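Listed here are the chains, written in short residue letters.
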Amino acid sequence: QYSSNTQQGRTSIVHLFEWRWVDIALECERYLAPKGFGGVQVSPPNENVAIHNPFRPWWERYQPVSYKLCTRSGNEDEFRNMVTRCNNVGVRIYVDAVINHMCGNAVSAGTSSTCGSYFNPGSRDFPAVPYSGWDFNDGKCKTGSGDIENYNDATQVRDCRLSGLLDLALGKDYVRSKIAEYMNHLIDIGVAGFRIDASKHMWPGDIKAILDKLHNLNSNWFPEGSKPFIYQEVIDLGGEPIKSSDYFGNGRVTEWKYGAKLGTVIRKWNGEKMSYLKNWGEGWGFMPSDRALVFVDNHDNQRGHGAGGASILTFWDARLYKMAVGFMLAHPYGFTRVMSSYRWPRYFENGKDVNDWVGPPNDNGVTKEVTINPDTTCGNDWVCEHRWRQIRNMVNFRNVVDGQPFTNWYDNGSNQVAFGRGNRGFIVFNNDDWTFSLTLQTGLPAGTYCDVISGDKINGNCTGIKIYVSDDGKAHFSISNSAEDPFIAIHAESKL
Ligand SMILES: [Ca+2]
Ligand SMILES: [Cl-]
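Residues numbered from 1 in each chain as written, not as in the entry; some residues may be left out. Chains lettered and ligands numbered in written order. Heavy atoms only, no water. Residues with missing side-chain atoms left out of burial classes, pairs and counts.

As recorded in the PDB header, X-ray crystallography is the method behind this entry, and the stated resolution is 2.07 Å.

Here's what the structure looks like:
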């Protein structure tokens, strides 16, 4: 469960949040493959409630109605097509598995679902599965409301309803089997692994019992004996009786401390500066690198949900965001996931984004295709961060330096830092309010290197800054504090 199962030389997953399957399939072929992306996390591919008040929010996808592969992202033929086409060019698909629960208990019975399946929350009836009242934790939960009231009580966090979401009885073999049946459907199609939604809300042992029933990965694409990559969503910033480490048996876990801390550092909030990153990783109290799934922002916390609060950096704070993502992708700690977002009409009112619920760009609820502009950005309000040159090139920097040790660290005692990854790459950051102008040891072979942040290597030349490493490995760097991207990255494959 710990191996990503990406092709060799590919080291990151991108969350193509709310994208349609036909658009992901094409994106695999025209961009993700040639740019060395390891894989794609997809939005939940199983039928959900169509919530019309408010109008088709992103979070309707976290309220299952069945395990039919029938969503606003597309139907089962399209899902299958996407997975095949992506695997065929060496790009993996990881599914957002929503397995803790079905829909909200107070949602109306009917066929308001992405595939038209009938369901009845009040009578606990999901006949497209099928599930009935026997399959939920109503009699196990010991709270008065039946919902989770107190996170200091680990038992109720598992057995009671998360904000009224009907809590599946994952202690029962029948439920475990229906869920395993769904995941095996996906595995056999070609899926390489899963993001396990709401993992904190499930017993580690129950997740174990589900994983036990799963196939090895599809043997046309994966070496026989391959197990799905598993990364479990657990928000653990400390102080709770439930801990990220409690889930290590099943796979990797999301390290939400990562982006929260990094956001604070890059904003220079709370007395924090980049020189303190010399011991980034377990030195900052994070989980082991070999279990961490790390990220600057995710789909929840980029809009003030889950955890991290105000320190979280997003495409909205583009300049600082690029630096944060670049530091992530250069640093050996964790397995890296890059967000890819859509622009929504963000509007604050006494501190809240009242449009934090808004779903993807749409025409009367039909998700818009992803168009690609002339300059290779996206239209139709798709932000496509993974296509920003500064991010895309840092995704390849992580590939090129894969396995190399953190070395040649430099800092000025403030916010001017640099470090290398063995002899394959070097990166330099200026987050101070004055210029960074200094000759530094890079660890690299002598040569002329393109800066992959300001530009690209194209057949014998560079479209941006050029860095000149001398025979002793030293090279001069000059980054103004008013630079739009106040960092520079070079590596073995950016060398002329
Ligand atoms: Ca639960
Ligand atoms: Cl997540």
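Regarding the overall build of the protein
From N to C terminus, the protein includes eight helices and 24 strands. For the protein, the C-alpha radius of gyration of 23 Å lies close to 23 Å, the compact-globule estimate for 496 residues. Counting only C-alpha atoms and orienting by the principal axes, one finds that the protein spans roughly 75 × 45 × 45 Å. Counted over contacts in the protein with a minimum sequence separation of 6, partners at least 24 positions apart contribute 69%. (Helix = DSSP H or I, 4+ residues; strand = E, 2+ residues; numbered from the N terminus. Rg over C-alpha atoms; globule rule 2.2 N^0.38 Å. Contact = heavy atoms within 4.5 Å.)

As for the coordination of the calcium ion (ligand 1)
Every protein donor of the calcium ion (ligand 1) is listed here as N100 (OD1), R158 (O), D167 (OD), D167 (OD) and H201 (O), and their distances to the metal cover 2.3 to 2.7 Å. Along the chain, the residues donating to the calcium ion (ligand 1) are arranged with the sequence spacing N-x57-R-x8-D-x33-H. Residue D167 is found in strand β5 (residues 165–167), and its partner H201 is found in the loop between β6 (193–196) and α5 (204–211); the two are separated by 34 residues along the sequence. An identical accessibility class is assigned to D167 and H201; each is buried. (Donors = N, O, S within 2.8 Å, 3.2 Å for Na, K, Ca; no water. Buried < 20%, exposed > 50% of the residue type's maximum accessible area, 1.4 Å probe, protein only.)

So, the sheet that holds strand β8 (residues 252–254)
Taken in spatial order, the eight strands of this closed barrel run β1-β2-β3-β6-β7-β8-β9-β10, and their pairing is parallel. Across the sheet, the mean angle separating the axes of adjacent strands is 30 degrees when strand polarity is ignored. When strand β3 (residues 92–97) meets β6, the two strands line up parallel, connected through four bridges. Directly across from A97, in β6, lies its bridge partner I196. This element, helix α7 (residues 318–330), spans β1 (12–16), β9 (292–294) and β10 (335–340) of the sheet and lies at about 155 degrees to β10. (Pairing = 2+ DSSP bridges. Axes fitted to C-alpha atoms, helices over the stretch in contact; angles between N-to-C directions.)

Points about the environment of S177
Looking at where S177 falls in the secondary structure, it is placed in helix α4 (residues 173–189). C-alpha separation for the pair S177 and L320, spaced 143 residues apart in sequence, amounts to 45 Å.

Observations concerning the domain arrangement of the protein
Looking at the assigned domains, one finds that the protein contains domain 1 (2–403) and domain 2 (404–496). For domain 1 versus domain 2, the separation of C-alpha centres amounts to 33 Å. Facing 29 residues of domain 1, the contacting portion of domain 2 comprises 37 residues. At the boundary of domain 1 with domain 2, total buried surface from both sides reaches about 2,700 Å², with 57% on carbon and sulfur atoms. Its largest share of buried area at the contact with domain 2, domain 1 owes to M274, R319 and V400, together 21% of the area lost on that side. (Domains from an automatic or database assignment. Buried area = accessible area lost by both parts, 1.4 Å probe.)

Concerning the pattern of salt bridges
Applying the stated rule across the entire model yields 28 salt bridges. Across the pair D23 and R20 runs a salt bridge whose closest N-O atoms are separated by 2.9 Å. Under the relative-accessibility criterion, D23 is labelled buried at 4%. Three or more residues joined by partner-sharing salt bridges are found here, namely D96, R195, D197 and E233. (Salt bridge = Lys/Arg side-chain N within 4 Å of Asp/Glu carboxyl O.)

Re the packing of aromatic side chains
Tallied over the entire structure, the rule returns 36 aromatic pairs. Centre to centre, the rings of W409 and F419 are 6.1 Å apart; their planes meet at 20 degrees, and the pair counts as stacked. With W409 in strand β15 (residues 406–411) and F419 in strand β16 (residues 416–421), the pair connects residues that are ten residues apart, well separated along the chain. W409 sits in the partly exposed class, given a relative accessible area of 23%. Just above the ring of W269 sits the side chain of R267; from NZ or CZ to the centre is 4.8 Å. The ring centre of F295 lies 4.5 Å from the NZ or CZ of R337, which sits over that ring. (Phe/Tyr/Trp six-rings, centres within 6.5 Å; stacked < 30°, edge-to-face > 60°. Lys NZ or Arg CZ within 6 Å of the ring centre and 35° of its normal.)

With respect to the nonpolar core
By size, the foremost hydrophobic cluster in this structure holds 132 residues, and its most contacted members are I24, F79, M82 and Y131. Of the residues forming this core, the biggest block, nine residues, is contributed by α7. For this core, the domains that each give at least three residues are domain 1 (2–403) and domain 2 (404–496). Contacts of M82, omitting those with residues within four sequence positions, involve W21, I24, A25, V42 and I93. Counting residues in hydrophobic clusters, the runner-up holds 15 residues, among them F436, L440, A475 and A483. (Core = buried A, V, L, I, M, F, W, Y, C linked by side-chain atoms within 4.5 Å.)

Here's the deal with the packing of α4 against α5
The geometry of α4 relative to α5 is characterised by a closest axis approach of 9 Å and an angle of 55 degrees between their N-to-C directions. With respect to their mutual orientation, α4 and α5 come out oblique. Crossing hand, α4 versus α5: right-handed. Facing α4, whose interface residues are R176, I179, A180 and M183, α5 presents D206, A209, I210 and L211. Residues of the contact of α4 with α5, tallied by class, amount to six nonpolar, no polar and two charged. (Parallel < 35°, antiparallel > 145°, perpendicular 65-115°, else oblique. Left-handed = near helix turned anticlockwise from the far one by under 90°. Nonpolar A, V, L, I, M, F, W, Y, C, P; charged D, E, K, R; others polar.)

Topic: helix α8 (residues 389–400)
Spanning twelve residues, α8 covers 16 Å between terminal C-alpha atoms, matching the ideal 16 Å at 1.5 Å per step. Extensive coverage of α8 is indicated by the burial of ten of its twelve residues. For α8, the set of buried residues is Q390, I391, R392, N393, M394, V395, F397, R398, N399 and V400. (Expected span 1.5 Å × (residues − 1).)

Description of the UniProt feature "binding site: Ca(2+)" in the protein
The sites that UniProt annotates as "binding site: Ca(2+)" are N100, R158, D167 and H201. Sequence-wise these annotated residues cover 102 residues; spatially they are packed, their C-alpha atoms never more than 9.0 Å apart. You can call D167 buried: its relative accessible area is 3%. Residues in contact with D167, not counting those within four places in the same chain, are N100, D135, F136, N137, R158, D159, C160 and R161. (UniProt positions renumbered as here; feature names shortened; annotations may be inferred.)

Considerations on the environment of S43
Residue position: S43 is located in the loop between β2 (39–42) and α2 (76–88). Here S43 falls in the buried class, since its relative accessible area comes to 1%. Setting aside chain neighbours within four positions, we find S43 in contact with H15, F17, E18, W21, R61 and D96. Among the polar contacts listed, one links the side chain of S43 to the backbone nitrogen of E18, at a separation of 2.9 Å. (Polar contact = N/O pair within 3.5 Å; in protein donor to acceptor, adjacent residues only side chain to side chain.)

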